[PDB]
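For reference, the structure is listed below as structure tokens.
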Amino acid sequence: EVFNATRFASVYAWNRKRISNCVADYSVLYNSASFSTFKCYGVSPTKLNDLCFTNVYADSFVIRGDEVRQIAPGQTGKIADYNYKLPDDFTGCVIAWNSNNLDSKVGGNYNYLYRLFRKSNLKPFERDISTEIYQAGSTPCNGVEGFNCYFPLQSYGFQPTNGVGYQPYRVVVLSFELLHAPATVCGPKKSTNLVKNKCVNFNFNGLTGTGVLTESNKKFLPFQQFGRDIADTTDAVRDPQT
Amino acid sequence: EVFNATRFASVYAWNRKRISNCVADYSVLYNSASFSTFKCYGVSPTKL
Amino acid sequence: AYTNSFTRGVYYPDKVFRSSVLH
Amino acid sequence: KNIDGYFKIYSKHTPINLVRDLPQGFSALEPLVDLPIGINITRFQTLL
Amino acid sequence: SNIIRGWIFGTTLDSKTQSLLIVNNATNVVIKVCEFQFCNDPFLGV
Amino acid sequence: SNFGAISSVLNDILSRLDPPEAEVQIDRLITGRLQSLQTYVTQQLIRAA
Amino acid sequence: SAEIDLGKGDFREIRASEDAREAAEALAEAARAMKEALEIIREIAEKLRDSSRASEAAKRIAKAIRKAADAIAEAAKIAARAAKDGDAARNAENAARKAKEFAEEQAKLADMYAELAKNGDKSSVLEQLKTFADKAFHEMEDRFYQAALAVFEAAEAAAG
């Protein structure tokens, strides 16, 4: 839904739409060249179909051309400083593609707001949405937006014939929460099957590998996913059906 | 030699005086408003 | 009113089971 | 507690056998929800 | 008596910044994060 | 241990990342284990002696 | 036949007779003036390091601002002098007006920071010289591309 989608927000504020119950493939994607740049960090594309999924989150917003590179880990820059901070780990995909047939108003697309001033260069995934004058410098700036102080957020005014360096892109970013819990958004498989006492490679959503599987004489906590060996290997799992 | 001295020349005949290694101690200059400007360019008043 | 919190407060670090192993 | 924009809550239920004390026993604490909410927390109060 | 049945969190707590609180009914947990405008001192019914 | 690499579950590396990316990642991990193993051996071999 | 990259990095090579150029020579000035005036402004907001140089800075910008302002003001009137198009002429003027207004309202406000920039007390003034500069930077260029457009849009009027 959110890709062939209607209306997208700013960058300092956005719409984390947690998604559940899905069977996502993402191979409906990374084959539609309508994605401009698609660079992934925790996972490589065409591989994010296998087992790596527990309540991922989405991120929709809009920005002009050059700004896409700023969104990677690190990559310091105004949008990444006061407007949208990306952590240094587990970052998943980054979808960038053109937002020009829905944007770039004739006189300018005046409705895309970036925080021009803010102390404390953004914390990871921080949403500072409130718009108070910066109070910059030793000065009263108290509803006055006066000297040394003015509106924290500004527009871009993209034009329908605007420049490619500033042609505006609609950017999607997917976070990925790994393995902690019952999974939710798997990749097509099921094998409808389960067998014991036989060397078989396994993919019980929480790991891959090969072994011999027995109904175990040990009790777990209900919420609790699965054990682990002192060897930091999978002691046992809970079959999500059985 | 440039402040406590006695005699000066004209302005177009400004006498050049280069001072090499010693301690300047602009503090006795700073803690004294004997001047009109004390105006600084490129480097601020006392930070020099 | 100040009392001494002796040893309460230990909470599960995460949702990964372990068995009879110090950690 | 809050780390990396989340929020975590834990629970336990042992009986009460004191009036003006706090039990000098121990029981573990178990996860409740890994609340993923983008807020800063510095002040907090209870509800009676 | 479940006398204590809810929490509060946040930074400015009166819609000046995003706020957080939770309320515990008799049987079904109730929570939200909003633009809260708190009562200066909490209470509840009976 | 993870030796800088993102997980000691080398299968995750064998699963999540792509082999061109994996090589760099897997290279870090194997180094440390290979480093550890020989350390154990020397530890053994002297102890044997 | 003009090698010009209008505001927001759009390159336009006309195909007409001279009178377009003799309508866009001021654009060949103003657009030339525009980035060059701004190419320092992008520099100043982040290279600002010295207490007194702020006086030189905020004076330079307002000084460099108006080199755009007059040119962008006249980039259009010479473009609308051959106006077969009232839209292009009006858009020439409107863009000339507003952007030059932006180039002749903020320019004096640029002097307003040049006021304390004379002493340049390194406490906070260099901080506030930084402040409006970007605010200036972003605001000016956008008004100036549409300025850089309507003028050639006016040069397109008597382009054939």
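Just so it is clear, A, B, C, D, E, F and G label the chains in written order, and each chain counts residues from 1 on its own.
Everything below uses one rule, namely that a residue touches a chain if its C-beta (ideal position, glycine included) is under 8 Å from a C-beta of that chain, and two chains touch if they have at least 3 such contacts.
Enquirer: If you walk from chain to touching chain, how few steps can bring you from subunit E to subunit G?
Expert: Minimum number of steps from subunit E to subunit G: 2.
Enquirer: For the chain pairs C-D and D-E, which is connected through the larger number of C-beta pairs in contact?
Expert: Answer to which pair has more contacts is D-E.
Enquirer: Please tell me the distance, in whole Å, between the geometric centres of subunit B and subunit C computed from their C-alpha atoms.
Expert: Chain centroid spacing, subunit B to subunit C, equals 71 Å.
Enquirer: Any idea how many Å lie between the Cα centroids of subunit A and subunit G?
Expert: Centres of subunit A and subunit G (C-alpha means) sit 39 Å apart.
Enquirer: Approximately how many whole Å separate the CA-defined centres of subunit F and subunit G?
Expert: 59
Enquirer: Using Cα averages as centroids, what's the distance between subunit A and subunit D in whole Å?
Expert: The separation of the two C-alpha centroids amounts to 29 Å.
Enquirer: For subunit B, which residues are shared contacts with two or more other chains?
Expert: Where subunit B is concerned, no single residue meets two or more other chains.
Enquirer: Would you pick out the residues of subunit G that each touch at least 2 other chains?
Expert: In subunit G, no residue touches at least two other chains, as defined above.
Enquirer: Check the chains against each other and report every pair that touches.
Expert: Applying the touch criterion to every chain pair yields A-C, A-D, A-E, A-F, A-G, B-G, C-D, D-E.
Enquirer: Along subunit B, where are the residues that touch subunit G in the complex?
Expert: Against subunit G, subunit B makes touches at 40-44, 47.
Enquirer: For a test of understanding, state which residues of subunit C touch subunit A in their complex under the given definition.
Expert: It is residues 14-19, 21 of subunit C that touch subunit A.
Enquirer: Over in the complex, which subunit E residues touch subunit D? Could you list them?
Expert: The contact residues of subunit E facing subunit D are 3-11, 13, 17-24, 33, 42-44.
Enquirer: For subunit E, which residues are in contact with subunit A within the complex?
Expert: My answer: residues 16-18.
Enquirer: Spell out the part of subunit A that touches subunit D in their complex, as residue ranges.
Expert: Its residues touching subunit D are 16, 18, 55, 57, 87, 123-127, 180-181, 221, 223.
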